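Visitor: Right, I'll just put the structure down here and ask away after.
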Amino acid sequence: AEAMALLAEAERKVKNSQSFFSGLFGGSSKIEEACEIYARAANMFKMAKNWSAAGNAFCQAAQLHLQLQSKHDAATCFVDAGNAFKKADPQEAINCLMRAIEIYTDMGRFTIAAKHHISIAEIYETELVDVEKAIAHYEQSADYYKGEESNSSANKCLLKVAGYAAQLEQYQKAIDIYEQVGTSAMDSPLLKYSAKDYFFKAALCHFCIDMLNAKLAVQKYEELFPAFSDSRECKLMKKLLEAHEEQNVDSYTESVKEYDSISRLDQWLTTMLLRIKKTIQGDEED
Amino acid sequence: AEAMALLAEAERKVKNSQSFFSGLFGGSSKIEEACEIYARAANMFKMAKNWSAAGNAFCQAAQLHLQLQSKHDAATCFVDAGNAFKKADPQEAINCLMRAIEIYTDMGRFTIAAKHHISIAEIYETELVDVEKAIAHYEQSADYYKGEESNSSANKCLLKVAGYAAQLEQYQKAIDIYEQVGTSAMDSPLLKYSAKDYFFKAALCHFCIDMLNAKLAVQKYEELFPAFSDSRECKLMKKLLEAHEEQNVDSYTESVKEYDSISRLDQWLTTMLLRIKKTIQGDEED
Amino acid sequence: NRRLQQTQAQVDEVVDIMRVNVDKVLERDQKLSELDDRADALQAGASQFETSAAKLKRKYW
Amino acid sequence: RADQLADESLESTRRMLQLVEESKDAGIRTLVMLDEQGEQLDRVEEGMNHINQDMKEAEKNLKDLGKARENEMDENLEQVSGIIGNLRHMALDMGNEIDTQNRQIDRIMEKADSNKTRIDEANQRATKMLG
Amino acid sequence: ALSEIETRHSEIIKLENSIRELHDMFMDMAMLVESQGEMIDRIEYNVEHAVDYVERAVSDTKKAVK
Amino acid sequence: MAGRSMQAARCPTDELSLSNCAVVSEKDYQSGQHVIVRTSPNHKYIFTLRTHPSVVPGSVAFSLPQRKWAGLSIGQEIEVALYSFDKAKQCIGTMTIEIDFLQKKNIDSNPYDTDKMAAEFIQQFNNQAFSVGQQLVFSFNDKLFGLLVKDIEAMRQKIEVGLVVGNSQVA
């Protein structure tokens, strides 16, 4: 059972029959036989951890499956190819997946289309570093989730969209996304819990407004002092709003140092907080 | 690949074959072909975000599917259409769901029927704003859940019923539900801690009784002092029962202000507490 | 007094419990995520069998 | 500062309750589902078993047819303690529900696959005898 | 005695600290488990229904040999 | 001489930061010339140039105080045009200045002889441009201050901008 040998015989049968070979009936199965062959090949390719070859093999069995009329099990093959290349050392992980969604989409399977769609936007960012397309996918994907009643997942993607949107200067578009995901979270008193952080992020995101977009966003926020979750959202914000409205790059830089105690500041927060820390000095020196 | 074209072909084939075109064997296969057509159409109508069209399309493929004799996979379509209309702009959202339940219900599928039944009572409330019809659904649905030994889901619905029943006016009919959901909650040590709020709600709900239905409901409750979970339930209640039995509407409103410290109040509580505040004021100036 | 300096670990111990609780659940997500792509894809083939078995019915029956 | 800490931290002990109480609420929704879902998967597993059976018959047919400030500050701790026990209650129900289902997923994945093959083989023998 | 009152505070905060974060986990938890709950609601659907597709197939095949 | 685009920068050393003079390059202007910075159709300011082997050709560096007064930013586009004073009406003879501790960090109640101030003031800020409402820094006995021109009188017509000379009195 030689790999490259299978890759050869598979080619020997993947072709419209003719002459005495064609005989009486065609070969809608020949193409299928070839698919099974290439699959058998990619198997041992994945064995020796040669992934690359395994992936390129699955691409073959998959492409062939289409030339047979079987989009379903075909697309699944494209997925196997994607998982291979992904874990592998070469690229192609992006092509196989695109070629997978076009199928899960045309067929009528959006649940799964979005399942691979998020994986896609996740690779097009952590790898190719192509946020301008990643966001597009995170969004269209969240749309599909939001149509499968799947609310949570939809928000999972939206957070990605706004999250990386504010890290690209799209501060306003970000707060807007946070407002939407914030409204579609209160309907479920089981989400009341996370609907805070959204207000924190949205109030932090600033499109260089001169009004009190944040002092207003923090106001819209219903909070009660005795509350706990809430003390981890607006409480800090107010103090930051005062430190900004008073061009004091000390009270803000120290309040962010204190909050960093009760609540550890992740990467995002950090980057943005620093952007505001510079808007203060910049306003002092404008 | 054009939806508008498919919608036409489908129509051309969906019709009890007449004359020679019929022969002997009907068109049980033709009607199915049409269903597949409309399905493909609804599909591209959903990628285009034309929702309305997508929903109406699924409605077509579904109705026809019924005309084929396959209630199961039909109802399934009805649901798809509901999910479309919901996250859409037209209506039909309520119709598709009722048309889905009539099927899951007469087919022998109450589990899923209740699954969509609660979805229904949820839409008829968060959209149509028809509390009285929603309660009727939350109730009939909880009956099915409780039948599938899914006590957990059953109560999830009952809480809705009583919850909005106290908002309408049905304070008594609310406490009764809290009493039932309370007795059928102790049989599961995984709800002991939560069994408090029930007694708090039931004791707060007053159908203008003159006796001590509340002073009795609070006594039925088993509490001590070194408990802290119970601190957020009856301890407050008694103070409120005394503020009511002494026509002192400032001690009731002061205690609610204090309790609003150790256990921050929600919308529900607020509305009802104020209702009790007005019964007191109305007994003072009389 | 001492209870403060003591009870401190009464939670640091739980902080570990949830650390595993958060992981356990997430481990199921992937187990159900893959099962979601093999179970749904499974019936997908069943659909091909439903159509094939339906036709074998309109010819030999 | 001295008092701004013996009281502020005291407010933290009071808050330390809702903190570990809101956790229960978050745990309930989880458990309530883990339990609801547990029973669901039971009827779900029946599917992999129901198909496992029919397919065997379906295959055969296709084969046959094919041929006092500190006093309270000390109490709040006791309160947290009493709640810590609860965190253990959910931690176990969540745990025992996780392990019992993970192994269930295994059986599901197994039978599901086992049947998938029978469908493919049958689909390759049926598609030919189409029409 | 001051020394004990100050040392007290030191241990109390170090305690207060570890607490707040443990609470942070549940928040993310309720957001994960729920995001998974919807991922199962469709499973139960695709399962008991697949039983219908297979049941209809195994039935037709039987009535195709007798 | 008609005007050219420049880029605002930061003051090289602290020495030039206490001279209240726009530090420029020796490849553009020369020490002794005056210019009029333009930030917008309704914002004209006048400074004094002082070359330095650190300034990059095609850019003018300003001190912290100046940037606050003229409202300049580090890295903005500005137009600089040579300005010629008229020693017939802009000759300062009596300019009232509003002095106050620049940094509230070091505020004392000690006495400061004014006579000595006006003496060292002209001995350091001679042949320079000063406008009404202008903000700068004064180095008096290793002590930093914040001057604020309130009124300027020529050799009595009150002018907006003037040129301090040797025989210029200061109050």
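Naming works like this for the structure tokens: A, B, ... for the chains as they're shown, residue 1 at the start of each chain, ligands 1 onward in shown order.
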Using only C-alpha atoms, determine which residues lie at most 12 Å from residue 27 (chain E), disregarding the query and same-chain residues fewer than 2 positions distant; provide the list as a ChimeraX atom specification.
Guide: /A:190-197,228-230,232 /C:18,22 /D:19-27,29-30 /E:20-25,29-34
Visitor: Give me, as an NGL selection string, the residues of chain B touching chain A, with the criterion being at most 9 Å (counting only C-alpha atoms).
Guide: :B and (39-40 or 43-44 or 47 or 80 or 83-84 or 86-87 or 126 or 260-265)
Visitor: Save the residues we just selected, C-alpha atoms, as a compact mmCIF listing (two decimals), in the first residue's frame?
Guide:
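The resulting file, out-v6.txt, is reproduced below:
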```txt
# COMPACT_ATOMS: atom_id res chain seq x y z
CA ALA B 39 -36.03 24.97 -0.30
CA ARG B 40 -33.16 25.93 -2.62
CA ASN B 43 -31.79 29.19 0.86
CA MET B 44 -30.45 31.78 -1.50
CA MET B 47 -27.89 34.33 2.08
CA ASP B 80 -37.03 27.02 9.60
CA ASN B 83 -36.63 31.30 12.48
CA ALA B 84 -36.62 33.29 9.25
CA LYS B 86 -38.50 36.09 13.56
CA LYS B 87 -35.14 37.66 12.61
CA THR B 126 -41.38 40.22 23.72
CA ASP B 260 -31.33 47.31 48.53
CA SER B 261 -27.77 47.25 49.99
CA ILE B 262 -27.10 43.65 50.96
CA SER B 263 -29.08 42.30 48.05
CA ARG B 264 -29.69 44.70 45.22
CA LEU B 265 -33.28 44.75 43.90
```
Visitor: Quick one: which residues from chain D are at most 7 Å off chain E, using only C-alpha atoms, as a list in words?
Guide: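 Listed by rising number, the hits are residues 5, 6, 9, 12, 19, 20, 23, 26, 30, 40, 44, 47, 50, 51, 54, 55, 57, 58, 61, 62 and 65 of chain D.
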Visitor: Write out the residues from the selection above, keeping N, CA, C and O atoms, as a compact mmCIF listing (two decimals), in the first residue's frame.
Guide:
```txt
# COMPACT_ATOMS: atom_id res chain seq x y z
N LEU D 5 -9.87 50.60 55.64
CA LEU D 5 -9.50 49.27 55.19
C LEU D 5 -10.22 48.19 55.99
O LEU D 5 -10.56 47.14 55.46
N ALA D 6 -10.44 48.46 57.27
CA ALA D 6 -11.12 47.51 58.15
C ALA D 6 -12.61 47.49 57.84
O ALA D 6 -13.33 46.58 58.26
N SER D 9 -12.75 46.61 53.34
CA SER D 9 -12.51 45.19 53.14
C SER D 9 -13.68 44.43 53.74
O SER D 9 -14.00 43.32 53.33
N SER D 12 -16.15 44.22 51.36
CA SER D 12 -15.71 43.20 50.42
C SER D 12 -16.14 41.83 50.90
O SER D 12 -16.40 40.94 50.10
N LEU D 19 -20.82 37.61 45.47
CA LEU D 19 -19.80 37.17 44.53
C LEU D 19 -19.86 35.65 44.40
O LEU D 19 -19.80 35.11 43.30
N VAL D 20 -19.97 34.98 45.54
CA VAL D 20 -20.04 33.52 45.57
C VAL D 20 -21.49 33.04 45.50
O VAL D 20 -21.75 31.84 45.51
N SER D 23 -22.43 33.21 41.69
CA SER D 23 -21.75 32.06 41.10
C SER D 23 -22.70 30.87 41.10
O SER D 23 -22.70 30.07 40.16
N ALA D 26 -25.17 31.30 38.40
CA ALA D 26 -24.52 30.95 37.15
C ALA D 26 -24.33 29.44 37.08
O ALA D 26 -24.30 28.85 36.00
N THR D 30 -26.32 26.33 34.58
CA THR D 30 -25.44 25.32 34.01
C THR D 30 -25.95 23.93 34.38
O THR D 30 -26.19 23.10 33.51
N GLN D 40 -31.77 14.51 27.61
CA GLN D 40 -31.92 14.68 26.17
C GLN D 40 -31.00 13.72 25.44
O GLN D 40 -31.44 12.97 24.57
N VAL D 44 -31.18 11.00 22.65
CA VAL D 44 -30.30 11.28 21.53
C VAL D 44 -29.50 10.02 21.22
O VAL D 44 -29.37 9.62 20.06
N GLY D 47 -30.97 7.44 19.27
CA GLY D 47 -30.91 7.65 17.84
C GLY D 47 -29.78 6.85 17.21
O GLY D 47 -29.97 6.20 16.18
N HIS D 50 -30.92 3.37 17.55
CA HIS D 50 -32.09 3.10 16.72
C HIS D 50 -31.63 2.94 15.27
O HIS D 50 -32.10 2.05 14.56
N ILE D 51 -30.72 3.80 14.85
CA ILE D 51 -30.19 3.75 13.49
C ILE D 51 -29.28 2.53 13.36
O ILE D 51 -29.24 1.88 12.32
N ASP D 54 -31.83 -0.42 12.66
CA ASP D 54 -32.44 -0.32 11.33
C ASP D 54 -31.44 -0.55 10.21
O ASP D 54 -31.70 -1.32 9.29
N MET D 55 -30.29 0.11 10.29
CA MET D 55 -29.26 -0.03 9.27
C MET D 55 -28.88 -1.49 9.04
O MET D 55 -28.63 -1.90 7.91
N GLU D 57 -30.82 -4.01 9.40
CA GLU D 57 -31.94 -4.59 8.66
C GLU D 57 -31.95 -4.02 7.24
O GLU D 57 -32.12 -4.75 6.27
N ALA D 58 -31.75 -2.71 7.14
CA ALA D 58 -31.73 -2.03 5.85
C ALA D 58 -30.64 -2.63 4.96
O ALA D 58 -30.84 -2.81 3.76
N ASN D 61 -31.78 -6.03 3.70
CA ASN D 61 -32.78 -5.90 2.65
C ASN D 61 -32.12 -5.51 1.33
O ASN D 61 -32.50 -6.01 0.27
N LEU D 62 -31.14 -4.62 1.41
CA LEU D 62 -30.43 -4.17 0.22
C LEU D 62 -29.56 -5.30 -0.32
O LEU D 62 -29.12 -5.27 -1.46
N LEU D 65 -32.38 -7.87 -1.85
CA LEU D 65 -32.96 -7.32 -3.06
C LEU D 65 -31.90 -7.10 -4.14
O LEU D 65 -32.21 -6.93 -5.31
```
Visitor: Taking only C-alpha atoms into account and nothing else, which residues of chain A lie no more than 6 Å away from chain E? Please answer as a list in words.
Guide: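 Output check: residues 150, 152 and 153 of chain A.
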Visitor: Go ahead and save the picked residues with N, CA and C atoms, as a PDB file, in the first residue's frame.
Guide:
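Result file result25.pdb:
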```pdb
ATOM      1  N   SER A 150     -29.346  30.598  17.396  1.00  0.00           N
ATOM      2  CA  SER A 150     -28.148  30.586  18.183  1.00  0.00           C
ATOM      3  C   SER A 150     -27.676  32.012  18.478  1.00  0.00           C
ATOM      4  N   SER A 152     -26.104  33.265  21.564  1.00  0.00           N
ATOM      5  CA  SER A 152     -24.779  33.278  22.176  1.00  0.00           C
ATOM      6  C   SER A 152     -23.640  33.329  21.172  1.00  0.00           C
ATOM      7  N   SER A 153     -23.543  32.291  20.336  1.00  0.00           N
ATOM      8  CA  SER A 153     -22.498  32.177  19.309  1.00  0.00           C
ATOM      9  C   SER A 153     -22.454  33.456  18.479  1.00  0.00           C
TER      10      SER A 153
END
```
Visitor: Would you write out, as JSON lines, a table of all residues in chain C that have an atom no more than 12 Å from an atom of chain B, listing for each the closest atom pair and the distance in Å to one decimal, considering only C-alpha atoms and ordering rows by chain and rising residue number?
Guide:
```
{"residue": "C:47", "atom": "CA", "partner": "B:73", "partner_atom": "CA", "distance": 11.4}
{"residue": "C:51", "atom": "CA", "partner": "B:29", "partner_atom": "CA", "distance": 10.8}
{"residue": "C:54", "atom": "CA", "partner": "B:29", "partner_atom": "CA", "distance": 10.0}
{"residue": "C:55", "atom": "CA", "partner": "B:29", "partner_atom": "CA", "distance": 9.8}
{"residue": "C:58", "atom": "CA", "partner": "B:29", "partner_atom": "CA", "distance": 10.0}
```
Visitor: Write the residues of the preceding selection, restricted to C-alpha atoms, as a PDB file, in the first residue's frame.
Guide:
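Here's the written file again-v9.pdb:
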```
ATOM      1  CA  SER C  47     -30.576  11.752   3.594  1.00  0.00           C
ATOM      2  CA  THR C  51     -33.623   9.162  -1.216  1.00  0.00           C
ATOM      3  CA  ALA C  54     -37.233   5.631  -1.509  1.00  0.00           C
ATOM      4  CA  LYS C  55     -36.432   5.012  -5.177  1.00  0.00           C
ATOM      5  CA  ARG C  58     -40.823   2.767  -6.534  1.00  0.00           C
TER       6      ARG C  58
END
```
Visitor: For chain D against chain C, which residues fall within 8 Å using only C-alpha atoms, given as a PDB file with N, CA and C atoms, in the first residue's frame?
Guide:
```pdb
ATOM      1  N   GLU D  70     -14.757  43.417  64.077  1.00  0.00           N
ATOM      2  CA  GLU D  70     -13.974  42.222  63.798  1.00  0.00           C
ATOM      3  C   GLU D  70     -14.794  40.968  64.071  1.00  0.00           C
ATOM      4  N   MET D  73     -16.660  40.732  60.811  1.00  0.00           N
ATOM      5  CA  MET D  73     -15.682  40.451  59.768  1.00  0.00           C
ATOM      6  C   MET D  73     -15.295  38.980  59.851  1.00  0.00           C
ATOM      7  N   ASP D  74     -15.505  38.395  61.026  1.00  0.00           N
ATOM      8  CA  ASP D  74     -15.195  36.992  61.257  1.00  0.00           C
ATOM      9  C   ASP D  74     -16.409  36.158  60.858  1.00  0.00           C
ATOM     10  N   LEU D  77     -16.830  35.664  56.977  1.00  0.00           N
ATOM     11  CA  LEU D  77     -15.972  34.581  56.517  1.00  0.00           C
ATOM     12  C   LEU D  77     -16.746  33.277  56.653  1.00  0.00           C
ATOM     13  N   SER D  81     -17.700  30.654  53.932  1.00  0.00           N
ATOM     14  CA  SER D  81     -17.431  29.245  54.192  1.00  0.00           C
ATOM     15  C   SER D  81     -18.659  28.396  53.888  1.00  0.00           C
ATOM     16  N   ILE D  84     -18.965  28.196  50.379  1.00  0.00           N
ATOM     17  CA  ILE D  84     -17.880  27.445  49.761  1.00  0.00           C
ATOM     18  C   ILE D  84     -18.319  25.993  49.643  1.00  0.00           C
ATOM     19  N   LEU D  87     -20.339  25.658  46.611  1.00  0.00           N
ATOM     20  CA  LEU D  87     -19.482  25.637  45.433  1.00  0.00           C
ATOM     21  C   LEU D  87     -18.972  24.224  45.187  1.00  0.00           C
ATOM     22  N   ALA D  91     -19.818  21.883  42.038  1.00  0.00           N
ATOM     23  CA  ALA D  91     -18.572  21.369  41.482  1.00  0.00           C
ATOM     24  C   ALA D  91     -18.634  19.858  41.281  1.00  0.00           C
ATOM     25  N   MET D  94     -21.657  19.152  38.617  1.00  0.00           N
ATOM     26  CA  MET D  94     -21.125  19.564  37.328  1.00  0.00           C
ATOM     27  C   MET D  94     -20.096  18.525  36.901  1.00  0.00           C
ATOM     28  N   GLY D  95     -19.271  18.099  37.855  1.00  0.00           N
ATOM     29  CA  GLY D  95     -18.251  17.109  37.568  1.00  0.00           C
ATOM     30  C   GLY D  95     -18.816  15.763  37.157  1.00  0.00           C
ATOM     31  N   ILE D  98     -20.375  15.872  33.844  1.00  0.00           N
ATOM     32  CA  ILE D  98     -19.401  16.035  32.775  1.00  0.00           C
ATOM     33  C   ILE D  98     -18.770  14.694  32.407  1.00  0.00           C
ATOM     34  N   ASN D 102     -19.218  12.760  28.931  1.00  0.00           N
ATOM     35  CA  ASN D 102     -18.054  12.657  28.059  1.00  0.00           C
ATOM     36  C   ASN D 102     -17.946  11.228  27.548  1.00  0.00           C
ATOM     37  N   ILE D 105     -20.522  10.597  25.080  1.00  0.00           N
ATOM     38  CA  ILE D 105     -20.178  11.148  23.777  1.00  0.00           C
ATOM     39  C   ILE D 105     -19.374  10.094  23.028  1.00  0.00           C
ATOM     40  N   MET D 109     -20.276   8.864  19.424  1.00  0.00           N
ATOM     41  CA  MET D 109     -19.347   9.011  18.311  1.00  0.00           C
ATOM     42  C   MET D 109     -19.050   7.666  17.656  1.00  0.00           C
ATOM     43  N   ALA D 112     -22.389   6.265  15.914  1.00  0.00           N
ATOM     44  CA  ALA D 112     -22.666   7.209  14.837  1.00  0.00           C
ATOM     45  C   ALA D 112     -21.785   6.885  13.636  1.00  0.00           C
ATOM     46  N   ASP D 113     -20.494   6.719  13.893  1.00  0.00           N
ATOM     47  CA  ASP D 113     -19.533   6.396  12.845  1.00  0.00           C
ATOM     48  C   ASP D 113     -19.839   5.025  12.252  1.00  0.00           C
ATOM     49  N   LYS D 116     -22.476   5.282   9.965  1.00  0.00           N
ATOM     50  CA  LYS D 116     -22.125   6.111   8.818  1.00  0.00           C
ATOM     51  C   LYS D 116     -21.587   5.241   7.688  1.00  0.00           C
ATOM     52  N   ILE D 119     -24.147   3.267   5.853  1.00  0.00           N
ATOM     53  CA  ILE D 119     -24.911   4.149   4.979  1.00  0.00           C
ATOM     54  C   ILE D 119     -24.153   4.376   3.675  1.00  0.00           C
ATOM     55  N   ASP D 120     -22.851   4.619   3.788  1.00  0.00           N
ATOM     56  CA  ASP D 120     -22.011   4.855   2.619  1.00  0.00           C
ATOM     57  C   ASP D 120     -21.969   3.631   1.710  1.00  0.00           C
ATOM     58  N   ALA D 122     -24.091   1.158   1.604  1.00  0.00           N
ATOM     59  CA  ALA D 122     -25.439   0.963   1.089  1.00  0.00           C
ATOM     60  C   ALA D 122     -25.780   2.006   0.031  1.00  0.00           C
ATOM     61  N   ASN D 123     -25.269   3.219   0.218  1.00  0.00           N
ATOM     62  CA  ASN D 123     -25.518   4.310  -0.717  1.00  0.00           C
ATOM     63  C   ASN D 123     -24.772   4.111  -2.031  1.00  0.00           C
ATOM     64  N   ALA D 126     -26.960   1.207  -3.671  1.00  0.00           N
ATOM     65  CA  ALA D 126     -28.325   1.618  -3.970  1.00  0.00           C
ATOM     66  C   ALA D 126     -28.380   2.629  -5.114  1.00  0.00           C
ATOM     67  N   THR D 127     -27.491   3.616  -5.073  1.00  0.00           N
ATOM     68  CA  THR D 127     -27.443   4.651  -6.102  1.00  0.00           C
ATOM     69  C   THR D 127     -27.348   4.063  -7.506  1.00  0.00           C
ATOM     70  N   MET D 129     -28.663   1.063  -8.439  1.00  0.00           N
ATOM     71  CA  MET D 129     -29.962   0.476  -8.751  1.00  0.00           C
ATOM     72  C   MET D 129     -31.014   1.569  -8.646  1.00  0.00           C
ATOM     73  N   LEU D 130     -30.632   2.779  -9.037  1.00  0.00           N
ATOM     74  CA  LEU D 130     -31.520   3.935  -8.979  1.00  0.00           C
ATOM     75  C   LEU D 130     -32.557   3.914 -10.097  1.00  0.00           C
ATOM     76  N   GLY D 131     -33.656   4.630  -9.886  1.00  0.00           N
ATOM     77  CA  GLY D 131     -34.713   4.692 -10.881  1.00  0.00           C
ATOM     78  C   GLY D 131     -35.403   3.364 -11.107  1.00  0.00           C
TER      79      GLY D 131
END
```
Visitor: When you get a sec, could you note down which chain F residues fall within 7 Å of chain A, using only C-alpha atoms, as a PyMOL selection string?
Guide: chain F and resi 67-68+71-73
Visitor: If we count only C-alpha atoms and set the cut-off at 6 Å, which residues sit around residue 37 (chain F), ignoring sequence neighbours fewer than 5 positions away in its own chain? Please answer as a compact mmCIF listing (two decimals) with C-alpha atoms, in the first residue's frame.
Guide:
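Generated file (result.txt):
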```
# COMPACT_ATOMS: atom_id res chain seq x y z
CA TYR F 45 1.76 84.27 16.14
CA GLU F 79 3.47 77.78 7.44
CA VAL F 80 6.38 80.05 8.36
```
Visitor: Would you mind reading off the distance between CA of residue 65 (chain B) and CA of residue 33 (chain B), one decimal, in Å?
Guide: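 Between CA of residue 65 (chain B) and CA of residue 33 (chain B) the gap is 9.7 Å.
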Visitor: Figure out the distance between CA of residue 120 (chain A) and CA of residue 133 (chain A), please, to one decimal in Å.
Guide: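 Atom-to-atom, CA of residue 133 (chain A) and CA of residue 120 (chain A) are spaced 9.8 Å apart.
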Visitor: Between CA of residue 57 (chain B) and CA of residue 75 (chain B), measure the distance and give it in Å to one decimal.
Guide: 14.1 Å
Visitor: Excluding region 275-279 of chain B and its own-chain neighbours fewer than 3 positions away, which residues fall within 8 Å of it when counting only C-alpha atoms? Please give them as a ChimeraX atom specification.
Guide: /B:244,249,252-253,271-272,282-283
Visitor: Could those residues be written to a file, using N, CA, C and O atoms, as a short mmCIF file (atom, residue, chain, number, x, y, z; two decimals), in the first residue's frame?
Guide:
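Output contents, as saved in again_35.cif:
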```cif
data_model
loop_
_atom_site.label_atom_id
_atom_site.label_comp_id
_atom_site.auth_asym_id
_atom_site.auth_seq_id
_atom_site.Cartn_x
_atom_site.Cartn_y
_atom_site.Cartn_z
N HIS B 244 -46.28 46.97 57.00
CA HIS B 244 -47.63 47.00 56.44
C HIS B 244 -48.73 46.98 57.51
O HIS B 244 -49.74 47.66 57.39
N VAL B 249 -45.77 53.86 55.79
CA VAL B 249 -45.12 53.80 54.47
C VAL B 249 -43.71 54.45 54.32
O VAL B 249 -43.22 54.65 53.20
N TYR B 252 -41.33 51.14 55.46
CA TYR B 252 -41.40 50.09 54.46
C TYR B 252 -40.42 50.52 53.37
O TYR B 252 -39.58 49.74 52.90
N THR B 253 -40.51 51.80 53.02
CA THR B 253 -39.67 52.39 51.99
C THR B 253 -38.23 52.65 52.47
O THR B 253 -37.36 52.97 51.66
N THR B 271 -41.32 47.09 41.18
CA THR B 271 -42.73 47.31 40.84
C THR B 271 -43.69 46.84 41.94
O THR B 271 -44.57 47.59 42.39
N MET B 272 -43.47 45.61 42.41
CA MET B 272 -44.36 45.08 43.44
C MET B 272 -44.26 45.80 44.79
O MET B 272 -45.27 46.08 45.43
N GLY B 282 -52.52 54.38 50.84
CA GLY B 282 -53.95 54.40 50.64
C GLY B 282 -54.73 53.96 51.86
O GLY B 282 -55.91 54.28 51.98
N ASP B 283 -54.09 53.22 52.76
CA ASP B 283 -54.73 52.92 54.04
C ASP B 283 -54.51 54.04 55.08
O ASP B 283 -55.33 54.20 55.99
#
```
Visitor: Using DSSP secondary structure from the backbone, list all strand (DSSP E) positions within chain F, as number ranges by chain.
Guide: F: 4-10, 22-24, 34-40, 43-51, 60-62, 77-83, 92-97, 128-131, 135-140, 143-154, 158-159, 161-164, 169-170
Visitor: Please extract the residues of chain F with a backbone DSSP assignment of helix (DSSP H, G or I) and present them as a ChimeraX atom specification.
Guide: /F:64-69,114-122
Visitor: Would you put the residues from that selection into a file with N, CA and C atoms, as a JSON list (two decimals), in the first residue's frame?
Guide:
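Output below, filename result33.json:
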```json
[["chain", "number", "residue", "atom", "x", "y", "z"],
["F", 64, "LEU", "N", 7.72, 73.70, 25.52],
["F", 64, "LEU", "CA", 6.43, 73.31, 26.09],
["F", 64, "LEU", "C", 5.49, 74.50, 26.25],
["F", 65, "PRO", "N", 5.96, 75.59, 26.88],
["F", 65, "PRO", "CA", 5.13, 76.78, 27.07],
["F", 65, "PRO", "C", 4.58, 77.33, 25.76],
["F", 66, "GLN", "N", 5.47, 77.52, 24.78],
["F", 66, "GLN", "CA", 5.08, 78.04, 23.48],
["F", 66, "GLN", "C", 4.00, 77.19, 22.83],
["F", 67, "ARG", "N", 4.21, 75.88, 22.81],
["F", 67, "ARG", "CA", 3.25, 74.96, 22.22],
["F", 67, "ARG", "C", 1.87, 75.09, 22.85],
["F", 68, "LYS", "N", 1.85, 75.44, 24.14],
["F", 68, "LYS", "CA", 0.59, 75.60, 24.85],
["F", 68, "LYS", "C", -0.07, 76.93, 24.46],
["F", 69, "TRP", "N", 0.74, 77.96, 24.30],
["F", 69, "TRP", "CA", 0.24, 79.28, 23.93],
["F", 69, "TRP", "C", -0.27, 79.29, 22.50],
["F", 114, "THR", "N", 12.66, 93.12, 42.13],
["F", 114, "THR", "CA", 12.22, 93.37, 40.77],
["F", 114, "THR", "C", 13.30, 94.07, 39.94],
["F", 115, "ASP", "N", 14.00, 95.01, 40.56],
["F", 115, "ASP", "CA", 15.06, 95.75, 39.88],
["F", 115, "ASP", "C", 16.06, 94.80, 39.22],
["F", 116, "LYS", "N", 16.39, 93.72, 39.92],
["F", 116, "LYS", "CA", 17.34, 92.74, 39.41],
["F", 116, "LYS", "C", 16.71, 91.93, 38.28],
["F", 117, "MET", "N", 15.40, 91.78, 38.33],
["F", 117, "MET", "CA", 14.67, 91.02, 37.31],
["F", 117, "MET", "C", 14.66, 91.76, 35.98],
["F", 118, "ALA", "N", 14.23, 93.02, 36.02],
["F", 118, "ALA", "CA", 14.16, 93.84, 34.81],
["F", 118, "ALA", "C", 15.55, 94.01, 34.19],
["F", 119, "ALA", "N", 16.58, 93.85, 35.01],
["F", 119, "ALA", "CA", 17.96, 93.99, 34.54],
["F", 119, "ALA", "C", 18.39, 92.75, 33.76],
["F", 120, "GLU", "N", 18.11, 91.58, 34.32],
["F", 120, "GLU", "CA", 18.46, 90.32, 33.68],
["F", 120, "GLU", "C", 17.46, 89.95, 32.60],
["F", 121, "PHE", "N", 16.30, 90.60, 32.63],
["F", 121, "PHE", "CA", 15.24, 90.34, 31.66],
["F", 121, "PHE", "C", 15.63, 90.88, 30.28],
["F", 122, "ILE", "N", 16.17, 92.09, 30.26],
["F", 122, "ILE", "CA", 16.59, 92.72, 29.01],
["F", 122, "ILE", "C", 17.95, 92.21, 28.56]]
```
